[PDB]
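Chemist: Below you will find the structure I want to go over with you.
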Amino acid sequence: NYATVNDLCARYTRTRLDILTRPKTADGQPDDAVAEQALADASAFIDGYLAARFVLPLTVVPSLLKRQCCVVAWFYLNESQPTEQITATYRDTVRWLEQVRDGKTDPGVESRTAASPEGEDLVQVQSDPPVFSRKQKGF
Amino acid sequence: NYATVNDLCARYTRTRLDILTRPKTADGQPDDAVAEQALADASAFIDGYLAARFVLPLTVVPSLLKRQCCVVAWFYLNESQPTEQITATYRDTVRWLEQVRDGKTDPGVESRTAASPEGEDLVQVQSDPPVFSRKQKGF
Amino acid sequence: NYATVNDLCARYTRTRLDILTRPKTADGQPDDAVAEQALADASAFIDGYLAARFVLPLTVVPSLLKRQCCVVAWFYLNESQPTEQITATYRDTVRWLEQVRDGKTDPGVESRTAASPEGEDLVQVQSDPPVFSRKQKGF
Amino acid sequence: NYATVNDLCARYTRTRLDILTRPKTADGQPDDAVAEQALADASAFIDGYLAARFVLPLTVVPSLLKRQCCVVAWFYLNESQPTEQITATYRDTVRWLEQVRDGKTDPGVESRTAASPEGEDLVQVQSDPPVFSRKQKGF
Amino acid sequence: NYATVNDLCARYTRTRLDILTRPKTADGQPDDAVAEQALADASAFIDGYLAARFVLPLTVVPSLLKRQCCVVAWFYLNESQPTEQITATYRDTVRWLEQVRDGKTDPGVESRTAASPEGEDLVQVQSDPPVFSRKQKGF
Amino acid sequence: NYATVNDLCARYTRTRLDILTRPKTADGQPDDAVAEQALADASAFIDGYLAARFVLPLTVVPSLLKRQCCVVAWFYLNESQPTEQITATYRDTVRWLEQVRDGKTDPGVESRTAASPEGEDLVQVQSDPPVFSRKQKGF
Amino acid sequence: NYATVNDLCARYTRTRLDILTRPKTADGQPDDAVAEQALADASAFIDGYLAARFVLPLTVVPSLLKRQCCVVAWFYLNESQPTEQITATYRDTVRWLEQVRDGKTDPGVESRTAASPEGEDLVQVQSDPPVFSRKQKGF
Amino acid sequence: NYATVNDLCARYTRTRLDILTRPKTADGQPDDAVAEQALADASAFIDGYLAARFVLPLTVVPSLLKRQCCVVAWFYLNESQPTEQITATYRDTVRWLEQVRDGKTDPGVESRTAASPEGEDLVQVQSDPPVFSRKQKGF
Amino acid sequence: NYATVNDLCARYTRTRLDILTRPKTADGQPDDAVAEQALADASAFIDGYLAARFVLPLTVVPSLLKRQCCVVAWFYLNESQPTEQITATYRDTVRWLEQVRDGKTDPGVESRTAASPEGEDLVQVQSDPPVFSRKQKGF
Amino acid sequence: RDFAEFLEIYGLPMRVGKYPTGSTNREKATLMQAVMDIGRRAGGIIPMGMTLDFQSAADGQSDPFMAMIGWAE
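Residue numbers (the numbering used here), protein chains in the order written: chain A, 236 to 374; chain B, 236 to 374; chain C, 236 to 374; chain D, 236 to 374; chain E, 236 to 374; chain F, 236 to 374; chain G, 236 to 374; chain H, 236 to 374; chain I, 236 to 374; chain J, 7 to 79.
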């Protein structure tokens with residue numbers, strides 16, 4: 236996963252996450268298993284769009300992917316009743332993901348060192364060896 | 236099926252599912268048979284769109300399919316009165332499924348290992364053997 | 236028929252179906268004959284769209300056809316006063332049926348085993364035997 | 236006629252039909268003659284659209300024609316004040332009939348056995364005998 | 236006329252027609268002469284559109300013409316104040332009549348026996364006798 | 236004129252016409268001279284559109300012309316304050332008259348016997364005698 | 236003028252015309268001089284559109300011109316405050332006049348005898364005498 | 236000017252004109268000098284559009300010009316607060332004037348005798364004398 | 236300037252102009268210097284559009300220019316709070332001025348004598364002397 | 007004979023005239039007479055509502071007729 240439960244607790248208060256996990260667990264103690272499942276689903280959703288251009292798993296993880304995963308996971312958790320701002324943020328995130336998939340914007344590089352994730356050849360052509368070219372220099 | 240009753244109880248509280256199953260069963264004890272039927276219908280609905288590109292049954296199941304199946308099954312269960320958010324989520328899911336069917340987006344790969352489901356040849360051409368090609372090297 | 240009265244009682248509470256059948260019957264005991272007639276009409280309505288691509292009767296029945304038949308039959312039963320959600324579901328079902336008829340989406344295959352219903356040749360061309368073809372290998 | 240008075244009493248309660256027939260009759264006893272006249276008018280209305288593709292009278296009657304006739308006859312009976320749902324159903328029925336007339340959808344086949352009604356040749360061309368064809372095999 | 240006063244009294248209660256005829260007559264006794272005049276005007280209005288394709292008077296009268304005549308005659312009678320449903324029905328009838336005149340829909344045939352009204356030749360071409368045709372077989 | 240004062244009193248109650256004629260006359264006794272003037276103006280208005288296709292005066296009068304004249308004359312009389320239905324009927328009548336003038340619809344024939352009014356040649360061409368035609372049969 | 240003061244008093248009550256003429260006159264006795272001036276202005280307004288096709292003054296006066304002149308003169312008189320119906324009638328009259336000027340509709344003929352007003356040649360061409368025509372019959 | 240103060244007092248009550256002239260004059264006695272100035276401005280405004288087609292000053296004055304001048308002068312006088320009808324009439328007058336200037340409508344002729352105002356040549360072409368024409372008759 | 240302070244006092248009451256000049260002056264006595272400045276600004280604004288077609292200063296002043304200058308000057312004076320009618324009149328005046336500048340309408344001529352202001356050559360072409368023309372008559 | 011008939015109606019397109027539906031009976035006669043008076047270098051004025059067009063009633067060449075005639079001869 237691109238984000239951990241601690242990263243989710245960094246963006247959102249532990250009290251809110253506990254309230255979210257209160258009904259989903261069987262006992263009175265809040266459980267983070269549902270949070271991990273939401274994170275895994277968010278990572279799969281991001282990978283669905285990322286597979287168009289870059290080979291999976293990613294060699295280097297861009298920094299913004301963590302925030303995108305946290306946003307979509309929080310939207311997934313707030314399924315019983317979503318607020319206007321949460322839905323707007325999720326829509327903006329999915330629009331950005333579609334833009335990345337279409338190639339209209341670059342995902343970016345990790346801040347620690349300039350490095351973009353590896354990807355397969357989007358464009359490839361084939362032809363027989365070029366005889367009679369100007370590089371021959373034999374005539 | 237792509238999801239089990241336990242997976243549905245992970246997303247939604249057991250109390251809500253019990254309330255849903257209260258009228259559909261004949262006795263006072265809640266029954267999960269209707270939940271299994273909803274899951275089967277959801278799996279069939281997903282397979283209807285998945286059959287366009289990938290051969291069924293799938294060799295490897297993408298992770299997001301579980302969440303999509305859970306969402307559409309929950310929408311199917313809440314047929315007596317659907318809320319705004321449930322209908323919106325179901326519409327988003329079916330839009331994503333149509334996008335997958337049209338080939339505008341990739342379903343993704345399972346998170347455990349990079350592997351895409353097998354599919355038949357979408358594009359195929361036929362022609363007679365190419366005599367007089369540059370690979371002949373006989374003249 | 237693609238669905239039985241028990242399948243209808245699985246989606247909808249027996250009390251609701253009994254209330255529906257209360258006025259249509261002559262005696263005080265609810266009768267399922269009207270339910271069977273609604274199921275037959277629903278099956279005929281589905282077959283009207285299915286006859287475009289697949290030969291009838293179907294060799295194998297896709298799983299979603301049961302739910303579609305149940306939905307349209309329930310809409311047919313609730314003719315005295317239809318709610319917003321019932322009308323919306325019926326409209327979505329008929330839109331899906333038109334999409335299937337136009338060939339824009341596949342009905343799917345039964346979940347027990349991968350098998351699509353048989354159909355007649357949509358595209359057929361005729362021509363005289365091809366003399367002088369490259370398969371002759373006589374000259 | 237494609238439907239009988241008993242079929243109309245199956246869809247709609249006998250009390251409603253009696254209330255409808257209360258003013259149209261001269262005596263206090265409800266009369267079904269007006270119901271039969273409405274059924275005949277409905278059958279004529281359906282035949283008006285069916286005559287485009289199939290020869291009349293129909294060799295085999297599709298099952299849905301009964302429901303369409305019942306719907307339009309009930310709309311005809313409720314002329315003093317039509318409700319929203321009745322008008323909507325009648326509009327949907329006439330739209331379906333126009334679609335059938337234009338050839339955009341198939342009326343269907345009877346459920347008892349696969350059989351479509353006979354019709355005249357929609358497309359016909361004429362030409363003189365084809366001498367010098369490849370089927371001659373005389374030269 | 237395509238309809239009689241008894242046919243009008245079949246669709247509409249005798250009390251309503253009597254109320255309609257109360258002011259138009261000079262004495263206290265209701266008179267059906269105004270009803271006959273309305274029927275004649277309705278028949279003329281229908282013939283105005285029917286003259287485009289079929290020769291008048293019609294050899295065989297389609298069944299729906301009776302209902303159309305009754306509807307337009309009732310609209311003509313209710314000129315002092317027309318209700319929404321009456322105006323809507325009259326507009327639908329005139330739209331159907333225009334569609335018939337344009338040839339976009341068939342008026343239909345009488346239910347007693349399959350027979351369409353006779354009409355003049357809509358399409359006619361003229362040319363001199365075809366010498367040198369392939370039917371000559373003289374050379 | 237295509238209609239008489241008695242025909243106007245057939246469509247509309249004598250009391251209403253008397254009320255209309257109350258202010259226009261000088262004495263207390265209602266006068267039908269204004270009604271005759273309105274009828275003459277209505278006939279002139281109809282003839283204005285009828286002169287496009289048929290020679291005036293008409294050899295045979297179609298039946299619907301009487302009702303059209305009555306409608307437009309009643310609209311002319313109710314000039315102090317027109318109701319919604321009267322204005323709508325007058326607009327429909329003038330639209331029908333424009334359609335007749337443009338040739339998009341036939342005025343019809345009188346019901347007593349099939350006979351259309353005579354008219355001048357709408358289309359006429361001129362050319363010199365056709366020598367060398369295939370009707371010569373001299374060469 | 237196409238209309239006289241008596242014709243205006245035929246359409247409109249003498250009391251209304253007297254009320255209209257009350258302020259425009261200097262003394263207490265109503266004066267018809269303003270009515271005659273309005274009639275003259277109306278006749279000039281009509282002639283402005285009539286001069287396009289017919290030579291002035293008109294040889295024969297169509298009957299409807301009287302009503303059109305009365306309508307526009309009454310609109311001219313009611314300049315202090317015009318009602319909705321008066322303005323609508325004036326707009327319809329001017330639209331009809333523009334249609335007449337453009338040649339899209341015929342003004343009509345007088346009812347006493349079929350006679351259209353004389354007019355100048357709208358279309359005229361000039362050419363030298365046609366020698367070598369087929370009417371020569373000299374070669 | 237095309238209109239005099241008496242003509243303005245014919246259309247509008249002397250009391251209204253006096254009220255209009257009350258503030259513009261210096262003494263208590265109403266003055267018609269402002270009315271004459273408004274008439275002169277109106278005449279200049281009309282001449283601005285009339286100069287396009289006809290030479291000024293006009294040889295013969297069409298009758299409607301008087302009413303147009305009166306209308307625009309009255310609008311000019313009512314500048315402190317214009318009513319809806321006055322503004323609408325002024326807009327209609329200026330629209331008619333623009334139509335006259337563009338040549339889309341004829342100003343008309345004076346009612347006393349058929350005579351149109353003289354104007355310069357709108358269309359003029361120049362060419363050298365036509366030798367070798369068919370009017371030569373010398374060869 | 237095209238207008239004087241007396242001309243402004245003719246259109247508008249002296250009291251209104253005094254009220255306008257009350258705050259702009261330093262002493263209690265109203266001053267017309269601000270009125271003259273507004274007139275000069277209005278004349279400059281008019282000349283800005285008039286310079287396109289006519290040479291400045293104008294040889295002859297059209298009559299309407301005085302009213303246009305008065306209107307725009309009054310709008311300039313009422314800058315603290317403009318009413319709806321004043322703003323509408325100013326907008327109409329500037330629209331007329333733009334139409335004059337574009338050549339879509341003629342400014343007009345002075346009423347005392349037919350004379351249009353002089354202007355420079357809008358269209359001018361240059362070419363060498365035309366030898367070999369048909370006016371040579373030397374060959 | 008077919009060649010002669012084709013030559014008869016060759017190189018002279020038909021002249022048609024369109025008139026508004028509100029035209030008077032006399033107005034149609036004037037237009038019909040005006041259409042019949044076209045020849046040499048012709049002028050004319052037409053209203054905005056009316057239209058005039060030329061359509062050719064025959065087209066082609068004389069090559070096939072002459073080829074068949076020569077073959078027969």
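Beta carbons: idealized from backbone N, C-alpha and C, even for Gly.
1. What does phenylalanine 289 (chain G) reach in chain H if we use C-beta pairs closer than 9 Å?
2. In chain A, what lies closer than 9 Å to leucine 299 (chain B) by C-beta?
3. Assuming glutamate 345 (chain C) contacts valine 295 (chain C) under a Cβ cut-off of 8 Å, what Cβ separation, rounded to an integer in Å, is found between them?
4. Tell me the DSSP secondary structure of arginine 288 (chain A) in three-state form.
5. Starting from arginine 21 (chain J) and walking both ways along the beta strand (DSSP E), at which residues does that stretch end?
6. What is the residue span of the beta strand (DSSP E) that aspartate 59 (chain J) lies within?
7. Name, in chain order, the residues that DSSP records as bridge partners for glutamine 359 (chain G).
8. Could you tell me whether the Cβ of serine 315 (chain I) comes closer than 8 Å to any Cβ of chain H?
9. Taking only beta-carbon positions, decide if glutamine 272 (chain H) is within less than 8 Å of chain I.
10. Give the list of continuous alpha helix (DSSP H) stretches no shorter than 4 residues that lie fully inside the segment 296-333 of chain E.
11. Ignore the nearest five residues each way along the sequence and tell me which others in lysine 259 (chain E)'s own chain have a CB closer than 6 Å to its CB.
12. When the Cβ atoms of the segment 268-282 of chain B are set against those of the segment 280-295 of chain C, are three or more pairs found closer than 8 Å?
13. What does the alpha-carbon distance come out to for the pair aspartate 262 (chain F) and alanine 277 (chain E)?
14. Buried or exposed: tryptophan 309 (chain E), going by 16 or more other Cβ atoms within 10 Å of its Cβ?
15. Tell me the DSSP secondary structure of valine 269 (chain B) in three-state form.
16. For the ligand NAP, I want to know if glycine 263 (chain D) counts as a neighbour, meaning its beta carbon is within less than 7 Å of at least one of the ligand's heavy atoms.
17. Is it buried or exposed for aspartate 282 (chain E), if we count other Cβ within 10 angstroms and need 16 for buried?
18. Could you pull out every residue in the same chain whose Cβ sits closer than 7 Å to the Cβ of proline 265 (chain A), ignoring the five residues on either side in sequence?
19. Kindly indicate if chain A contains any beta-carbon less than 8 Å away from that of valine 366 (chain B).
20. Taking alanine 63 (chain J) and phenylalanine 12 (chain J) to be in contact with their CB atoms under 8 Å, please state how far apart those CB atoms are, rounded to whole angstroms.
21. Helix, strand or coil, according to DSSP, for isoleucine 281 (chain H) in the structure here?
22. With 16 as the cutoff for other CB atoms within 10 Å, does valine 366 (chain B) come out buried or exposed?
23. Taking buried to mean at least 16 other C-beta atoms within 10 Å of its own C-beta, is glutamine 303 (chain D) buried or exposed?
24. Using a Cβ-Cβ distance cut-off of 8 Å, determine whether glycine 354 (chain B) contacts chain A.
25. Would you list, in chain order, the members of the segment 256-267 of chain E that have their beta-carbon closer than 7 Å to a beta-carbon of chain F?
26. Go ahead and pull the three-state DSSP assignment for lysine 339 (chain A).
27. Can you find the residues in the same chain that come closer than 6 Å, C-beta to C-beta, to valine 360 (chain C), ignoring five residues on each side of it along the sequence?
28. Under 8 Å, with one C-beta from each stretch per pair, do the segment 331-347 of chain F and the segment 312-320 of chain F reach the 3-pair mark?
29. Between which two residues does the alpha helix (DSSP H) harbouring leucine 252 (chain A) extend?
30. Find the nearest neighbour of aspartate 363 (chain H) within the set I:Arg369, I:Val358, I:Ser362 and I:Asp363, judged by alpha-carbon distance.
31. Let's see if you can read the secondary structure: which residues bound the alpha helix (DSSP H) around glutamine 264 (chain E)?
32. Per DSSP, what kind of secondary structure is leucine 293 (chain G) in: helix, strand or coil?
33. What residues of chain B sit near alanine 245 (chain C), judged by a beta carbon separation below 9 Å?
34. Taking Cβ-Cβ distances shorter than 7 Å, what residues in chain I pair up with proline 292 (chain H)?
35. Between the Cα of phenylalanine 280 (chain G) and those of G:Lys372, G:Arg336 and G:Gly354, spot the shortest distance and give me the residue it belongs to.
Modeler: In short, the structure shows the following:
1. Here residue 289 (chain G) corresponds to residue number 54 of the seventh sequence, with the count starting at 1. Those do not exist, as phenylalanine 289 (chain G) stays about 11 Å from chain H at its closest Cβ, beyond 9 Å.
2. The residue labelled residue 299 (chain B) in the question sits at position 64 within the second sequence. Residues of chain A passing the Cβ test: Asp276, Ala279, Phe280, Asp282 and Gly283.
3. One-based indexing of the third sequence puts residue 345 (chain C) at position 110. One-based indexing of the third sequence puts residue 295 (chain C) at position 60. With 8 Å as the limit, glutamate 345 (chain C) and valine 295 (chain C) qualify as a contact, their Cβ atoms being about 5 Å apart.
4. Walking along the first sequence from the start, residue 288 (chain A) turns up at place 53. It is coil, neither helix nor strand.
5. The sequence position of residue 21 (chain J) within the tenth sequence is 15, counting from 1. Note, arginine 21 (chain J): beta strand (DSSP E), 20-24.
6. Numbered from 1 along the tenth sequence, position 53 holds the residue referred to as residue 59 (chain J). Note, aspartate 59 (chain J): beta strand (DSSP E), 57-61.
7. For the purposes of this step, residue 359 (chain G) is taken as the residue at position 124 of the seventh sequence. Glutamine 359 (chain G) is bridged to J:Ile51.
8. Translated into positions along the ninth sequence, residue 315 (chain I) becomes position 80. Judged by the 8 Å Cβ criterion, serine 315 (chain I) is not in contact with chain H.
9. Walking along the eighth sequence from the start, residue 272 (chain H) turns up at place 37. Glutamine 272 (chain H) counts as touching chain I.
10. 299-312
11. Stepping through the fifth sequence from its first residue, residue 259 (chain E) is reached at position 24. Around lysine 259 (chain E): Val269.
12. no
13. Position 27 of the sixth sequence, counted from the first residue, corresponds to residue 262 (chain F). Position 42 of the fifth sequence, counted from the first residue, corresponds to residue 277 (chain E). Each residue's alpha carbon lies about 39 Å from the other.
14. By one-based count along the fifth sequence, residue 309 (chain E) stands at place 74. Buried is the call here.
15. Your numbering for residue 269 (chain B) matches position 34 in the second sequence. In this structure, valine 269 (chain B) counts as helix in the three-state DSSP scheme.
16. Absence of the ligand NAP from the depicted structure is noted, as is the absence of any ligand whatsoever, leaving it without description.
17. Sequence index remark: in the fifth sequence, residue 282 (chain E) carries index 47 (1-based). Result: buried.
18. As a position in the first sequence, residue 265 (chain A) is number 30, starting the count at 1. Contacts found: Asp253, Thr256 and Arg257.
19. The residue given as residue 366 (chain B) occupies position 131 in the second sequence. With 8 Å as the cut-off, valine 366 (chain B) does not count as an interface residue toward chain A.
20. Position 57 of the tenth sequence, counting from 1, holds the residue named residue 63 (chain J). Position 6 of the tenth sequence, counting from 1, holds the residue named residue 12 (chain J). At roughly 11 Å, the Cβ-Cβ gap does not stay under 8 Å, so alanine 63 (chain J) and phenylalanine 12 (chain J) are not in contact.
21. The residue you call residue 281 (chain H) lines up with position 46 of the eighth sequence. Three-state DSSP puts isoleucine 281 (chain H) in a helix.
22. Locating residue 366 (chain B) in the second sequence gives position 131, counting from the first residue. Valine 366 (chain B) should be labelled exposed.
23. Along the fourth sequence, read from residue 1 onward, the residue named residue 303 (chain D) stands at position 68. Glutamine 303 (chain D) is buried by the Cβ-count criterion.
24. Taking the first residue of the second sequence as 1, we reach residue 354 (chain B) at position 119. No, no contact with chain A.
25. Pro258 and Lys259
26. Within the first sequence, numbered from 1, the residue matching residue 339 (chain A) stands at position 104. The answer is coil: DSSP assigns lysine 339 (chain A) none of H, G, I, E or B.
27. Residue mapping note: residue 360 (chain C) aligns to position 125 of the third sequence, counting from 1. The answer is none, since no qualifying residue turns up.
28. no
29. Locating residue 252 (chain A) in the first sequence gives position 17, where the first residue counts as 1. 249-259 is the extent of the alpha helix (DSSP H) around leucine 252 (chain A).
30. Working through the eighth sequence from its first residue, we reach residue 363 (chain H) at position 128. It is I:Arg369.
31. Mapped onto the fifth sequence, residue 264 (chain E) falls at position 29. Here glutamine 264 (chain E) belongs to no alpha helix (DSSP H), and DSSP marks it neither H nor E.
32. The sequence position of residue 293 (chain G) within the seventh sequence is 58, counting from 1. Coil, per DSSP.
33. Residue numbering aside, residue 245 (chain C) sits at position 10 when the third sequence is read from its first letter. Result: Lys259, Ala268, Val269 and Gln272.
34. As a first step, residue 292 (chain H) must be located in the eighth sequence, where it is residue number 57. Those within 7 Å of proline 292 (chain H) in chain I are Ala349.
35. To locate residue 280 (chain G), count along the seventh sequence from 1; it is residue 45. Measuring from the Cα of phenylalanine 280 (chain G), the nearest candidate turns out to be G:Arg336.
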